[PDB]
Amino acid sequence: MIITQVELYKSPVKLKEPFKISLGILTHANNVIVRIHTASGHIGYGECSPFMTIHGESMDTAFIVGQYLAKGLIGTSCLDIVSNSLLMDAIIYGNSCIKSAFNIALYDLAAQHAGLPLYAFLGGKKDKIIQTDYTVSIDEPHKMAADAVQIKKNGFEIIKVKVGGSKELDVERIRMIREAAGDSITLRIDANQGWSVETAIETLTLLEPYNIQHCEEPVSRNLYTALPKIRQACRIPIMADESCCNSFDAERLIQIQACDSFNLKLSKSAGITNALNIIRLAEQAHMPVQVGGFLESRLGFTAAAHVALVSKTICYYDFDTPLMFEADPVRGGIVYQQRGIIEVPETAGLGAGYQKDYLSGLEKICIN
């Protein structure tokens, strides 16, 4: 099926509370939406959520680079996923975030053509429960404890805590949370490159007592070579996030035994195609994988959830941010049940789209 036109939308939706990580603060999910049209009249959807401090992209850059990509894809076959992923790479280096949106949409089309839901199209099956954590933004320790409580009250059984401040302050944060929410609720932490190699090790041995599940990206992504040293000095397992974007990154981290687990995100791997490679590597190395994301809407996370069913090595899930939107614009897609359990659509394709005339209100451009 030939690609006849692609539409791009700027989709800014405000968050209830601002989202806060060690790298900065965000008040909106400024996302970019991608719709691919085929001659047969099929439509594939894809979304991406640029994070300036991690992707190096913004909604503004995504919206423009996306147009470069669209131009190149017009006239090609939406089924040649590999050929087209390659075609985009030949057009512009990096820019994984926007690329992933196109890649996701292509798979949507492909699965639709096969008459399967994405997860089945990818060779996965529903043989496990998908359970999301919920994130406590990095703030003053009382505020953080309060949020942790509210989160447990809402029924969530896993808490993700954003750290990355000074050693003293992060420990106070974790304590005040364990103190105000209990020792039985499972919790995981994420520094977003916030610590130096030194502070990391000191803070991580100082936190072991509080029983934490794993720590994401303790130090700068440029310092990944110091990861093995930290892994061996610390009981808490460490999970590579920013340090693990594509499959080359994965292979390299494994080769030097840098971390215990990966955080896999479609935007970092420039789509599903390469995410699959990362998964295979993590399989061959018996490494648990957490699937996550950024501020994608339920549509984006619906893609993540499909991929999440592809392998038994995947077993942790960070699919929380859509719950922070002031308004949910998504039609279909994954549904959040109690305890933070997620159900994946069974209909053909991605199994999600956007609410009627939500898109018509958005700033858009149309390639061909």
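Position 1 is the first residue in the sequence shown; the rest follow in order.
J.: Where do the C-alpha atoms have the higher mean temperature factor in this entry, in 172-180 or in 218-226?
T.: Comparing 172-180 with 218-226, the higher average CA B-factor belongs to 172-180.
J.: Decide which of the stretches 96-104 and 184-192 has the higher mean C-alpha B-factor, going by the entry.
T.: The deposited B-factors put 184-192 ahead on the C-alpha mean.
J.: Reading the B-factor column of the entry, which of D133, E242, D139, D89 has the highest value at its C-alpha atom?
T.: If I rank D133, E242, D139, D89 by C-alpha B-factor, first place goes to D139.
J.: Going by the entry, which of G165, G293, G72, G271 has the most elevated CA B factor?
T.: Spelled out: the listed residue with the top C-alpha B-factor is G165.
J.: Taking the entry's C-alpha B-factors for this chain, is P18 in the lowest, middle or highest third?
T.: Answer is highest: the recorded C-alpha B-factor places it there.
J.: What third of its chain, lowest, middle or highest, does the C-alpha temperature factor of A308 fall into?
T.: For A308, the deposited C-alpha B-factor lands in the lowest third.
J.: Compared with the other modelled residues in the chain, in which third is the CA B-factor of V161?
T.: For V161, whose C-alpha B-factor we compare with every modelled residue in the chain, the answer is the middle third.
J.: Can you tell me whether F262 has a C-alpha B-factor in the lowest, middle or highest third compared with the other modelled residues of the same chain?
T.: CA B-factor rank for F262: middle third.
J.: Please place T205 in the lowest, middle or highest third of its chain according to the CA B-factor in the PDB entry.
T.: Ranked within chain, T205 CA B lands in the highest tercile.
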